[PDB]
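*Asks:* Next up is a structure, given as structure tokens.
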Amino acid sequence: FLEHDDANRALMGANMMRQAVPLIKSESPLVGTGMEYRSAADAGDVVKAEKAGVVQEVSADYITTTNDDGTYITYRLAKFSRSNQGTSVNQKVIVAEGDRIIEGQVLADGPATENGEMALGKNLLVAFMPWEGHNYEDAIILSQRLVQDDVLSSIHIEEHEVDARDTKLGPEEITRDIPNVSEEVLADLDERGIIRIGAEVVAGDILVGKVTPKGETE
Amino acid sequence: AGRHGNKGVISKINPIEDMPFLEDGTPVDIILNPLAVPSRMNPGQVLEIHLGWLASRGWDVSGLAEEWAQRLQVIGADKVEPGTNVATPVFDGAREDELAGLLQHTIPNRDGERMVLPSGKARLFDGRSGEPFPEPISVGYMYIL
Amino acid sequence: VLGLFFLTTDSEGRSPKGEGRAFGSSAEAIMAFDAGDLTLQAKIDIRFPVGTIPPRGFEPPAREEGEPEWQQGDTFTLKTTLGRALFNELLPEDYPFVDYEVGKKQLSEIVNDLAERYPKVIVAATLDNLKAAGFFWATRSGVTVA
Amino acid sequence: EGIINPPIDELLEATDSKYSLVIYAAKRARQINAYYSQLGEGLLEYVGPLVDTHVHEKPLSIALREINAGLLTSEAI
Amino acid sequence: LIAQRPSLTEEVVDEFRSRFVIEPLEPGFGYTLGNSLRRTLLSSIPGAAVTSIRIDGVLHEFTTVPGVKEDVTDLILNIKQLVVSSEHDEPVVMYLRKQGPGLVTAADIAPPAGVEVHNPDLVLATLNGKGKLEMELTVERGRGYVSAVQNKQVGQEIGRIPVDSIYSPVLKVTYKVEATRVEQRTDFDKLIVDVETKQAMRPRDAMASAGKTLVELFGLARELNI
Amino acid sequence: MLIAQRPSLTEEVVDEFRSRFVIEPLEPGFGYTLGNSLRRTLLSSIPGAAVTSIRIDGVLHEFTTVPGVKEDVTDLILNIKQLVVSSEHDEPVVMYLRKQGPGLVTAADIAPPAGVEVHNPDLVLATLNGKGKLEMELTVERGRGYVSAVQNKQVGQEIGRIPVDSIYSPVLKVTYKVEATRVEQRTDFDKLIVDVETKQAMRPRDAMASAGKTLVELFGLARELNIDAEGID
């Protein structure tokens, strides 16, 4: 319904749909223009078949298909990888164990897509009414069902790095034996001073233990 | 934000029992100010919402012998199951008569009664006080980003 | 402002039930509204307790009596809707009764008069009351977009 | 039970200006806070809270309370 | 002016959906009682839910189990819809073990004594030939909704991941009023409350618990007076 | 499961009949249930007594002018409906008021029959000048809540009887507000404040106790379905 919207609001909406994060599981719009499939397939993050065949093996990490000419082609899927803005690029699967595949048919979804169709958000029940002033100046009131049912939530992956260098005084060491700290702080570190995979971490916690070799001592 | 330039920060995540709810106990998921839309001059979101509702509970149009009904029959949008996605191209969308007539002929949900009036608004209760709101409140499904 | 306007507007185009019936007090009018036989915008004859300042236009008229009377400090009956009674319940008791559609510009002159003639804490309390009741009655005003 | 708990119009009618009132209350708050940090030195120039005080209260609230109560004066040198 | 004590009558339309009728209510009063019942039913009703799990070979909810088409977060989503009942106040560990190709659902789970699943048709995941799923789902008892951040208590167990648990077993509550056929100008109203719950229990028990909570709070408001 | 803190109703009195009641912190979302249910069962479910019809001598239903009284019939109806009466008969009873000569007629001059009592004797009713000719008969009927003016073909039987609005409920107005309170680092607890103003006949706290009573045997209907437990104390 673009022809009903104002040109300024159309500008804002078009420039603002690019900021929509991909959610946990996405659903394609209940009402929306039919170009969404073409706008999702032409973007290359959706895994499409290079050749026509039949699915042989399906999993969360890969899809192995046997094409009709006889070759065996495996598509790997990026699961919980970091995009340039911090959002995940997790790719769901929509094909079954043994269904037929044609060329260009969508095998696996991408971030913010459902069934190969673009899905930038969720469809929610809406009522227009002033409600006790909490939707004032176009603010948002919403149910807790969008919190408990995991509707509007997103995985955010942040990368953060450090390097142990060779400065003038000596070589920086990645070590567990951090000085002037209690034992419980460094409890979750590895033998070489690395936080373990899947270790829940909070602000101020030790991620990787790097010590500078020495400083002018007075 | 929606797709029509409407945006806003979240001021309160209400409990489910505090949201206004429909005639079947279905709470609404998001409350929007109707003050914004006539000043922003983007009524299309409202249009979207009506068709969103029409795509939630499907419609049965056959033999109605009306202009919009015959257009939907020759197009193919005459028998639509509930929940199925609908498509309005960006300048060949569903016309006013089609939305009005489909809101007339929305499939019932329970007790053989349909829940949104042909005006596009539904009688909506209060989750806090419990007394029903005086005038019908426009409800439907908007795709929120 | 939309809520206060809806509260204080006239009964034009909206079906008035219980229009033109005397009420002993504003509490009885509220009870009738809760019963449902009286609408918010309906010209009713409502009595007001002692200490309620009558409107500025109420002074040239008076009750017909063979004895001297002064309706400036004591009880009086007024032909007004219930919404104006609630709106003046928001306003301070020393402020004269307002008997017109408020909207926005009349709200501006009311707030300017309040800031001119009243201390800061009273003004802050009255704008808080106006804010709260404006949101409350804008929720029940039935405004929506279809 | 807040910032506005001293009514401000009383302070203006007891001061006749607004900048005089704010620097007046600031000086009194500084005196009270210096008294609290005396550590038992017993300095004569620092006079404690003349109004009643809770277990913990900002010196400026106490200062405005003494200005409002009218039990304290100031003169220009 | 007439005094008649209200009476509640239950009729059933499905296995887990029923309508309760309270006829002699005072005018202008059915809506508020129905709303109090609905708000007590939707939020504060005790139940049981899975509060944490532990998948063998998985350290956090962002990996993938080797041999299932749904990642661990989708597994969290599918477990979060599993409705259960736990008699034990203490948490109970349920076991789900599946080998080989197939479709692991809630019917394939092993519920201990005192803990019962109620929707065995709920699909949990899929397995190909090299798929192998072993989960130890911790189930607890409570009311309302408790997020995953409030469900974590152990730090030494890396593999255990908490899930956000939805305890309330009531799907939707509605109320409706009419006018009684008795002829007075008061026009008393009957209240019909449609309660539909999940498979955890029949709506009669849920309405009983809501009535217990409401009568306890109102007796608190009563007995402290006079 | 178990409730950490138990609420406790406290009363802060401000007048002879006006009062305010504060509930110590309730569970999240339980403020509004208690507030509106208590307000509606307070304003409507408490039984009381009031007038239902009046009869003025030598007047007609279309004749709004009363002889000998400066106040019109509307002010007289308003003052009668503003009067408090208590009854125990449980059928409508006719109560008289007669006065001759000039002066002020109040509720003190009203003569009540046995079993019917008037709690407000000092409020003014009307004025008389010259010849009084004041003979009114008013019907007192025990009821519950609030009912407007209703006619039952009594105008056909006699022309002097006109119905009057009835205020049965002892409470005059109830206003509830639910705000937020913080204990044990959890801000989402509700404090409910119920300001109740009643008439001078009945004590407000007795009315609130009766409302809580009616709510107890009203929500005991759901209890007889099943004996189910809940986390208490």
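Residues in the structure tokens are named by chain (A, B, ... in the order shown) and by number from 1 within that chain; ligands are numbered from 1 in the order shown.
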Set the cut-off to 6 Å and count only C-alpha atoms: what are the residues of chain F that reach chain E? Output as a list in words.
*Replies:*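 That gives residues 1, 9, 33, 37, 143, 144, 209, 212, 216, 219, 221, 222, 223, 225, 226 and 228 of chain F for chain F.
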*Asks:* Create the file for the chosen residues now, containing C-alpha atoms and written as a JSON list (two decimals), in the first residue's frame.
*Replies:*
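So the final result, stored in out-v3.json, reads:
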```
[["chain", "number", "residue", "atom", "x", "y", "z"],
["F", 1, "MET", "CA", 5.49, -20.57, 44.08],
["F", 9, "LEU", "CA", -4.93, -3.63, 54.58],
["F", 33, "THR", "CA", -8.29, -7.01, 39.91],
["F", 37, "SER", "CA", -13.72, -5.73, 41.83],
["F", 143, "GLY", "CA", -32.79, -1.96, 48.01],
["F", 144, "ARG", "CA", -29.22, -2.53, 46.88],
["F", 209, "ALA", "CA", -15.72, -5.25, 55.38],
["F", 212, "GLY", "CA", -14.91, -8.11, 51.26],
["F", 216, "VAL", "CA", -15.51, -14.00, 49.78],
["F", 219, "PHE", "CA", -15.51, -16.21, 44.76],
["F", 221, "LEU", "CA", -18.35, -20.39, 43.97],
["F", 222, "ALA", "CA", -15.16, -21.36, 42.15],
["F", 223, "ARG", "CA", -13.91, -23.13, 45.29],
["F", 225, "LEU", "CA", -15.55, -27.03, 41.94],
["F", 226, "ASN", "CA", -12.33, -28.53, 43.34],
["F", 228, "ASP", "CA", -7.03, -26.93, 44.99]]
```
*Asks:* Quick one: residues within 10 Å of residue 205 in chain A, only C-alpha atoms counted, chain neighbours fewer than 3 positions away excluded, as a PyMOL selection string?
*Replies:* chain A and resi 185-186+188+195+200-202+208
*Asks:* Taking N, CA, C and O atoms for each residue, export the selection above as a JSON list (two decimals), in the first residue's frame.
*Replies:*
```json
[["chain", "number", "residue", "atom", "x", "y", "z"],
["A", 185, "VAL", "N", 38.20, -15.65, 40.28],
["A", 185, "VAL", "CA", 38.07, -14.86, 39.05],
["A", 185, "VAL", "C", 38.61, -15.63, 37.86],
["A", 185, "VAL", "O", 37.99, -15.67, 36.79],
["A", 186, "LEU", "N", 39.76, -16.28, 38.02],
["A", 186, "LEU", "CA", 40.38, -17.07, 36.95],
["A", 186, "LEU", "C", 39.96, -18.53, 36.98],
["A", 186, "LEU", "O", 40.68, -19.40, 36.49],
["A", 188, "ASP", "N", 37.42, -20.00, 35.37],
["A", 188, "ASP", "CA", 36.89, -20.50, 34.10],
["A", 188, "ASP", "C", 37.90, -20.42, 32.96],
["A", 188, "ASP", "O", 37.54, -20.64, 31.81],
["A", 195, "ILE", "N", 39.25, -18.34, 28.13],
["A", 195, "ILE", "CA", 37.94, -18.68, 28.66],
["A", 195, "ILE", "C", 37.35, -19.82, 27.83],
["A", 195, "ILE", "O", 37.51, -19.86, 26.60],
["A", 200, "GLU", "N", 29.53, -18.89, 30.52],
["A", 200, "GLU", "CA", 28.78, -17.65, 30.67],
["A", 200, "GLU", "C", 29.66, -16.58, 31.30],
["A", 200, "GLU", "O", 30.32, -16.82, 32.32],
["A", 201, "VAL", "N", 29.67, -15.40, 30.69],
["A", 201, "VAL", "CA", 30.59, -14.34, 31.08],
["A", 201, "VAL", "C", 29.79, -13.05, 31.24],
["A", 201, "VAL", "O", 28.79, -12.83, 30.56],
["A", 202, "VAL", "N", 30.23, -12.21, 32.18],
["A", 202, "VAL", "CA", 29.57, -10.96, 32.50],
["A", 202, "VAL", "C", 30.61, -9.84, 32.43],
["A", 202, "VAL", "O", 31.77, -10.07, 32.11],
["A", 208, "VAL", "N", 40.72, -13.55, 28.40],
["A", 208, "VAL", "CA", 42.01, -14.13, 28.09],
["A", 208, "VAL", "C", 43.06, -13.42, 28.94],
["A", 208, "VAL", "O", 43.06, -12.19, 29.04]]
```
*Asks:* Please, which residues of chain B lie no more than 10 Å from chain F when the count uses only C-alpha atoms, and can they be set out as an mmCIF file with N, CA, C and O atoms, in the first residue's frame?
*Replies:*
```cif
data_model
loop_
_atom_site.group_PDB
_atom_site.id
_atom_site.type_symbol
_atom_site.label_atom_id
_atom_site.label_comp_id
_atom_site.auth_asym_id
_atom_site.auth_seq_id
_atom_site.Cartn_x
_atom_site.Cartn_y
_atom_site.Cartn_z
ATOM 1 N N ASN B 14 3.681 -4.620 28.638
ATOM 2 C CA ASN B 14 2.579 -4.934 29.530
ATOM 3 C C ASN B 14 2.511 -6.434 29.801
ATOM 4 O O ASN B 14 2.987 -7.241 28.997
ATOM 5 N N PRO B 15 1.923 -6.834 30.923
ATOM 6 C CA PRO B 15 1.539 -8.238 31.089
ATOM 7 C C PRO B 15 0.434 -8.606 30.113
ATOM 8 O O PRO B 15 -0.261 -7.748 29.566
ATOM 9 N N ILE B 16 0.293 -9.913 29.882
ATOM 10 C CA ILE B 16 -0.694 -10.395 28.920
ATOM 11 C C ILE B 16 -2.106 -10.057 29.382
ATOM 12 O O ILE B 16 -2.961 -9.661 28.581
ATOM 13 N N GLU B 17 -2.368 -10.182 30.685
ATOM 14 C CA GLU B 17 -3.697 -9.886 31.204
ATOM 15 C C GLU B 17 -4.020 -8.397 31.178
ATOM 16 O O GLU B 17 -5.194 -8.035 31.296
ATOM 17 N N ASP B 18 -3.018 -7.529 31.030
ATOM 18 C CA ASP B 18 -3.254 -6.092 30.969
ATOM 19 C C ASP B 18 -3.553 -5.588 29.566
ATOM 20 O O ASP B 18 -4.071 -4.475 29.423
ATOM 21 N N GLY B 127 -8.163 -4.853 29.639
ATOM 22 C CA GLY B 127 -7.460 -5.833 30.443
ATOM 23 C C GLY B 127 -7.257 -5.430 31.884
ATOM 24 O O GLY B 127 -7.019 -6.296 32.729
ATOM 25 N N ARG B 128 -7.342 -4.136 32.186
ATOM 26 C CA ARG B 128 -7.142 -3.652 33.546
ATOM 27 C C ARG B 128 -8.467 -3.524 34.292
ATOM 28 O O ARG B 128 -8.691 -4.202 35.299
ATOM 29 N N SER B 129 -9.355 -2.660 33.800
ATOM 30 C CA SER B 129 -10.640 -2.467 34.461
ATOM 31 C C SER B 129 -11.580 -3.635 34.200
ATOM 32 O O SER B 129 -12.261 -4.108 35.116
ATOM 33 N N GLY B 130 -11.630 -4.114 32.961
ATOM 34 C CA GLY B 130 -12.495 -5.200 32.577
ATOM 35 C C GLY B 130 -13.766 -4.778 31.880
ATOM 36 O O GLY B 130 -14.389 -5.604 31.205
ATOM 37 N N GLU B 131 -14.167 -3.524 32.027
ATOM 38 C CA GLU B 131 -15.313 -3.031 31.286
ATOM 39 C C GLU B 131 -14.936 -2.854 29.818
ATOM 40 O O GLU B 131 -13.828 -2.405 29.512
#
```
*Asks:* Where does chain A meet chain E within 12 Å, residue by residue, with the nearest atom pair and distance in Å to one decimal for each, counting only C-alpha atoms, listed by chain and rising number, as JSON lines?
*Replies:*
```
{"residue": "A:23", "atom": "CA", "partner": "E:73", "partner_atom": "CA", "distance": 11.7}
{"residue": "A:24", "atom": "CA", "partner": "E:73", "partner_atom": "CA", "distance": 8.0}
{"residue": "A:25", "atom": "CA", "partner": "E:74", "partner_atom": "CA", "distance": 8.0}
{"residue": "A:26", "atom": "CA", "partner": "E:74", "partner_atom": "CA", "distance": 11.7}
{"residue": "A:56", "atom": "CA", "partner": "E:128", "partner_atom": "CA", "distance": 10.0}
{"residue": "A:57", "atom": "CA", "partner": "E:128", "partner_atom": "CA", "distance": 7.2}
{"residue": "A:58", "atom": "CA", "partner": "E:69", "partner_atom": "CA", "distance": 6.4}
{"residue": "A:59", "atom": "CA", "partner": "E:69", "partner_atom": "CA", "distance": 4.0}
{"residue": "A:60", "atom": "CA", "partner": "E:69", "partner_atom": "CA", "distance": 4.2}
{"residue": "A:61", "atom": "CA", "partner": "E:64", "partner_atom": "CA", "distance": 7.3}
{"residue": "A:62", "atom": "CA", "partner": "E:69", "partner_atom": "CA", "distance": 8.8}
{"residue": "A:63", "atom": "CA", "partner": "E:69", "partner_atom": "CA", "distance": 9.4}
{"residue": "A:64", "atom": "CA", "partner": "E:128", "partner_atom": "CA", "distance": 11.8}
{"residue": "A:77", "atom": "CA", "partner": "E:64", "partner_atom": "CA", "distance": 11.2}
{"residue": "A:78", "atom": "CA", "partner": "E:64", "partner_atom": "CA", "distance": 11.0}
{"residue": "A:79", "atom": "CA", "partner": "E:63", "partner_atom": "CA", "distance": 7.7}
{"residue": "A:80", "atom": "CA", "partner": "E:62", "partner_atom": "CA", "distance": 6.5}
{"residue": "A:81", "atom": "CA", "partner": "E:62", "partner_atom": "CA", "distance": 9.9}
{"residue": "A:88", "atom": "CA", "partner": "E:62", "partner_atom": "CA", "distance": 10.4}
{"residue": "A:89", "atom": "CA", "partner": "E:62", "partner_atom": "CA", "distance": 11.9}
{"residue": "A:90", "atom": "CA", "partner": "E:71", "partner_atom": "CA", "distance": 9.4}
{"residue": "A:91", "atom": "CA", "partner": "E:71", "partner_atom": "CA", "distance": 9.6}
{"residue": "A:92", "atom": "CA", "partner": "E:70", "partner_atom": "CA", "distance": 7.5}
{"residue": "A:93", "atom": "CA", "partner": "E:69", "partner_atom": "CA", "distance": 6.9}
{"residue": "A:94", "atom": "CA", "partner": "E:69", "partner_atom": "CA", "distance": 9.2}
{"residue": "A:95", "atom": "CA", "partner": "E:69", "partner_atom": "CA", "distance": 9.7}
{"residue": "A:96", "atom": "CA", "partner": "E:69", "partner_atom": "CA", "distance": 9.3}
{"residue": "A:97", "atom": "CA", "partner": "E:128", "partner_atom": "CA", "distance": 8.0}
{"residue": "A:98", "atom": "CA", "partner": "E:128", "partner_atom": "CA", "distance": 11.2}
{"residue": "A:108", "atom": "CA", "partner": "E:69", "partner_atom": "CA", "distance": 10.6}
{"residue": "A:144", "atom": "CA", "partner": "E:145", "partner_atom": "CA", "distance": 9.5}
{"residue": "A:145", "atom": "CA", "partner": "E:145", "partner_atom": "CA", "distance": 10.0}
{"residue": "A:147", "atom": "CA", "partner": "E:147", "partner_atom": "CA", "distance": 9.0}
{"residue": "A:148", "atom": "CA", "partner": "E:145", "partner_atom": "CA", "distance": 7.0}
{"residue": "A:149", "atom": "CA", "partner": "E:80", "partner_atom": "CA", "distance": 8.3}
{"residue": "A:150", "atom": "CA", "partner": "E:77", "partner_atom": "CA", "distance": 7.8}
{"residue": "A:151", "atom": "CA", "partner": "E:77", "partner_atom": "CA", "distance": 10.4}
{"residue": "A:153", "atom": "CA", "partner": "E:73", "partner_atom": "CA", "distance": 11.8}
{"residue": "A:154", "atom": "CA", "partner": "E:73", "partner_atom": "CA", "distance": 11.1}
{"residue": "A:155", "atom": "CA", "partner": "E:62", "partner_atom": "CA", "distance": 9.1}
{"residue": "A:156", "atom": "CA", "partner": "E:62", "partner_atom": "CA", "distance": 11.0}
{"residue": "A:157", "atom": "CA", "partner": "E:62", "partner_atom": "CA", "distance": 10.3}
{"residue": "A:184", "atom": "CA", "partner": "E:155", "partner_atom": "CA", "distance": 11.3}
{"residue": "A:187", "atom": "CA", "partner": "E:156", "partner_atom": "CA", "distance": 9.3}
{"residue": "A:188", "atom": "CA", "partner": "E:156", "partner_atom": "CA", "distance": 8.7}
{"residue": "A:195", "atom": "CA", "partner": "E:158", "partner_atom": "CA", "distance": 11.6}
{"residue": "A:196", "atom": "CA", "partner": "E:158", "partner_atom": "CA", "distance": 8.8}
{"residue": "A:197", "atom": "CA", "partner": "E:59", "partner_atom": "CA", "distance": 7.0}
{"residue": "A:198", "atom": "CA", "partner": "E:60", "partner_atom": "CA", "distance": 4.9}
{"residue": "A:199", "atom": "CA", "partner": "E:158", "partner_atom": "CA", "distance": 6.2}
{"residue": "A:200", "atom": "CA", "partner": "E:155", "partner_atom": "CA", "distance": 8.2}
{"residue": "A:201", "atom": "CA", "partner": "E:155", "partner_atom": "CA", "distance": 10.4}
{"residue": "A:202", "atom": "CA", "partner": "E:149", "partner_atom": "CA", "distance": 11.9}
```
*Asks:* Run DSSP on the backbone and grab whatever in range 28-144 of chain B lands in strand (DSSP E); send it over as a VMD selection string.
*Replies:* chain B and resid 30 to 32 121 to 122 137 to 144
*Asks:* What does the file look like for those residues with N, CA, C and O atoms, as an mmCIF file, in the first residue's frame?
*Replies:*
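Listing of part13.cif after writing:
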```
data_model
loop_
_atom_site.group_PDB
_atom_site.id
_atom_site.type_symbol
_atom_site.label_atom_id
_atom_site.label_comp_id
_atom_site.auth_asym_id
_atom_site.auth_seq_id
_atom_site.Cartn_x
_atom_site.Cartn_y
_atom_site.Cartn_z
ATOM 1 N N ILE B 30 0.322 -5.451 20.323
ATOM 2 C CA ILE B 30 0.973 -4.145 20.323
ATOM 3 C C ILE B 30 -0.086 -3.056 20.193
ATOM 4 O O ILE B 30 -1.052 -3.196 19.436
ATOM 5 N N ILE B 31 0.066 -1.981 20.960
ATOM 6 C CA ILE B 31 -0.884 -0.875 20.970
ATOM 7 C C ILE B 31 -0.222 0.330 20.323
ATOM 8 O O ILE B 31 0.859 0.757 20.745
ATOM 9 N N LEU B 32 -0.868 0.883 19.303
ATOM 10 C CA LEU B 32 -0.328 2.003 18.551
ATOM 11 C C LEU B 32 -1.213 3.225 18.734
ATOM 12 O O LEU B 32 -2.435 3.108 18.840
ATOM 13 N N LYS B 121 -13.456 -2.232 12.510
ATOM 14 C CA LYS B 121 -13.178 -2.131 13.932
ATOM 15 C C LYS B 121 -13.887 -3.254 14.675
ATOM 16 O O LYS B 121 -14.891 -3.792 14.205
ATOM 17 N N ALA B 122 -13.356 -3.606 15.842
ATOM 18 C CA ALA B 122 -13.926 -4.663 16.661
ATOM 19 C C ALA B 122 -14.148 -4.160 18.077
ATOM 20 O O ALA B 122 -13.381 -3.339 18.588
ATOM 21 N N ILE B 137 -12.755 -0.599 18.462
ATOM 22 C CA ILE B 137 -11.359 -0.243 18.243
ATOM 23 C C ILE B 137 -10.852 -1.027 17.044
ATOM 24 O O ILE B 137 -11.085 -2.237 16.945
ATOM 25 N N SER B 138 -10.171 -0.338 16.131
ATOM 26 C CA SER B 138 -9.653 -0.983 14.932
ATOM 27 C C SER B 138 -8.506 -1.919 15.284
ATOM 28 O O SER B 138 -7.530 -1.509 15.917
ATOM 29 N N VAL B 139 -8.619 -3.177 14.860
ATOM 30 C CA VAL B 139 -7.624 -4.196 15.161
ATOM 31 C C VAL B 139 -7.241 -4.918 13.879
ATOM 32 O O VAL B 139 -7.960 -4.893 12.879
ATOM 33 N N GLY B 140 -6.081 -5.562 13.928
ATOM 34 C CA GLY B 140 -5.625 -6.358 12.797
ATOM 35 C C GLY B 140 -4.205 -6.830 13.005
ATOM 36 O O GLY B 140 -3.760 -6.996 14.135
ATOM 37 N N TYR B 141 -3.497 -7.045 11.902
ATOM 38 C CA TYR B 141 -2.139 -7.581 11.966
ATOM 39 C C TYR B 141 -1.197 -6.688 11.172
ATOM 40 O O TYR B 141 -1.276 -6.640 9.941
ATOM 41 N N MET B 142 -0.297 -5.998 11.866
ATOM 42 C CA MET B 142 0.760 -5.241 11.207
ATOM 43 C C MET B 142 2.080 -5.985 11.340
ATOM 44 O O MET B 142 2.364 -6.591 12.376
ATOM 45 N N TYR B 143 2.874 -5.949 10.276
ATOM 46 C CA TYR B 143 4.192 -6.566 10.259
ATOM 47 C C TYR B 143 5.203 -5.556 10.790
ATOM 48 O O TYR B 143 5.545 -4.586 10.106
ATOM 49 N N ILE B 144 5.678 -5.788 12.012
ATOM 50 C CA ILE B 144 6.518 -4.859 12.757
ATOM 51 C C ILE B 144 7.955 -5.365 12.729
ATOM 52 O O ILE B 144 8.208 -6.558 12.945
#
```
*Asks:* Go through chain C residue by residue and, counting only C-alpha atoms, keep those with an atom at most 9 Å from chain E; for each kept residue give the shortest atom pair and its distance in Å to one decimal, ordered by chain and increasing number, as CSV.
*Replies:*
```
residue,atom,partner,partner_atom,distance
C:34,CA,E:28,CA,7.5
C:35,CA,E:28,CA,6.3
C:36,CA,E:28,CA,8.3
```
*Asks:* Starting from chain C, keep only residues with some atom at most 9 Å from an atom of chain D, counting only C-alpha atoms, and report them as a PyMOL selection string.
*Replies:* chain C and resi 119-121
*Asks:* Take the residues from that selection and write them out as a PDB file, in the first residue's frame, keeping C-alpha atoms.
*Replies:*
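As written to disk, selection.pdb reads:
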```pdb
ATOM      1  CA  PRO C 119       1.820  29.172  43.266  1.00  0.00           C
ATOM      2  CA  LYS C 120       4.208  26.803  41.526  1.00  0.00           C
ATOM      3  CA  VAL C 121       3.320  23.662  43.499  1.00  0.00           C
TER       4      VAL C 121
END
```
*Asks:* Ranking F:150, F:124, F:218, F:193 by minimum distance to residue 21 in chain F and counting only C-alpha atoms, which one comes first?
*Replies:*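 With only C-alpha atoms as the atom set, the closest residue is F:193.
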*Asks:* From the DSSP assignment of the backbone, select every residue of chain D that is helix (DSSP H, G or I), and format the answer as a ChimeraX atom specification.
*Replies:* /D:8-15,19-36,59-69
*Asks:* List the spatial neighbours of residue 170 in chain A as a PDB file with N, CA and C atoms, in the first residue's frame - criterion: any atom at most 10 Å away, only C-alpha atoms, same-chain residues fewer than 2 positions off excluded.
*Replies:*
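The file below, result_4.pdb, is the result:
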```
ATOM      1  N   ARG A 165      52.223  -9.261  22.068  1.00  0.00           N
ATOM      2  CA  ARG A 165      53.256  -8.706  21.209  1.00  0.00           C
ATOM      3  C   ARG A 165      54.621  -8.899  21.859  1.00  0.00           C
ATOM      4  N   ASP A 166      55.655  -8.435  21.165  1.00  0.00           N
ATOM      5  CA  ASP A 166      57.027  -8.441  21.661  1.00  0.00           C
ATOM      6  C   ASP A 166      57.410  -6.963  21.725  1.00  0.00           C
ATOM      7  N   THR A 167      57.188  -6.347  22.883  1.00  0.00           N
ATOM      8  CA  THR A 167      57.566  -4.956  23.070  1.00  0.00           C
ATOM      9  C   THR A 167      59.054  -4.862  23.410  1.00  0.00           C
ATOM     10  N   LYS A 168      59.514  -3.637  23.683  1.00  0.00           N
ATOM     11  CA  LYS A 168      60.932  -3.413  23.952  1.00  0.00           C
ATOM     12  C   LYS A 168      61.378  -4.110  25.232  1.00  0.00           C
ATOM     13  N   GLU A 172      54.996 -10.106  25.562  1.00  0.00           N
ATOM     14  CA  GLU A 172      53.737 -10.292  26.272  1.00  0.00           C
ATOM     15  C   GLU A 172      53.336 -11.761  26.233  1.00  0.00           C
ATOM     16  N   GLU A 173      52.851 -12.273  27.359  1.00  0.00           N
ATOM     17  CA  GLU A 173      52.526 -13.685  27.495  1.00  0.00           C
ATOM     18  C   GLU A 173      51.039 -13.864  27.763  1.00  0.00           C
ATOM     19  N   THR A 212      51.648  -7.851  30.855  1.00  0.00           N
ATOM     20  CA  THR A 212      52.779  -7.111  30.226  1.00  0.00           C
ATOM     21  C   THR A 212      54.061  -7.538  30.943  1.00  0.00           C
ATOM     22  N   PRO A 213      55.226  -7.663  30.268  1.00  0.00           N
ATOM     23  CA  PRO A 213      56.425  -8.207  30.923  1.00  0.00           C
ATOM     24  C   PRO A 213      56.974  -7.433  32.131  1.00  0.00           C
ATOM     25  N   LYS A 214      57.086  -6.102  32.045  1.00  0.00           N
ATOM     26  CA  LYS A 214      57.524  -5.308  33.227  1.00  0.00           C
ATOM     27  C   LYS A 214      57.304  -3.813  32.988  1.00  0.00           C
TER      28      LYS A 214
END
```
*Asks:* Show which residues sit within 8 Å of residue 105 in chain F, as a list in words. Count only C-alpha atoms, and ignore same-chain residues fewer than 4 positions away.
*Replies:*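 Non-adjacent residues within range: residues 99, 109, 124, 125, 126, 127 and 128 of chain F.
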*Asks:* So that I have them on file, write out the residues from the current selection with N, CA, C and O atoms, as a compact mmCIF listing (two decimals), in the first residue's frame.
*Replies:*
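Ended up saving to selection-v4.txt:
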```
# COMPACT_ATOMS: atom_id res chain seq x y z
N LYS F 99 -46.36 20.09 57.60
CA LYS F 99 -46.01 21.37 58.18
C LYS F 99 -46.98 22.43 57.68
O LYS F 99 -47.36 22.45 56.50
N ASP F 109 -38.37 17.60 61.15
CA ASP F 109 -39.82 17.60 61.22
C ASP F 109 -40.43 16.32 60.66
O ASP F 109 -41.63 16.09 60.86
N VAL F 124 -31.45 20.88 55.45
CA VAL F 124 -32.65 21.62 55.09
C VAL F 124 -33.38 20.90 53.95
O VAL F 124 -32.77 20.20 53.13
N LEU F 125 -34.69 21.06 53.92
CA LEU F 125 -35.51 20.48 52.86
C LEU F 125 -36.19 21.53 52.01
O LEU F 125 -36.04 21.52 50.78
N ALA F 126 -36.93 22.46 52.61
CA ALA F 126 -37.63 23.47 51.83
C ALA F 126 -37.96 24.68 52.70
O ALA F 126 -37.77 24.67 53.92
N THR F 127 -38.47 25.72 52.04
CA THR F 127 -38.90 26.95 52.68
C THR F 127 -40.40 27.13 52.51
O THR F 127 -40.98 26.72 51.50
N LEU F 128 -41.03 27.75 53.50
CA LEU F 128 -42.46 28.02 53.48
C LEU F 128 -42.71 29.49 53.77
O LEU F 128 -42.02 30.08 54.61
```
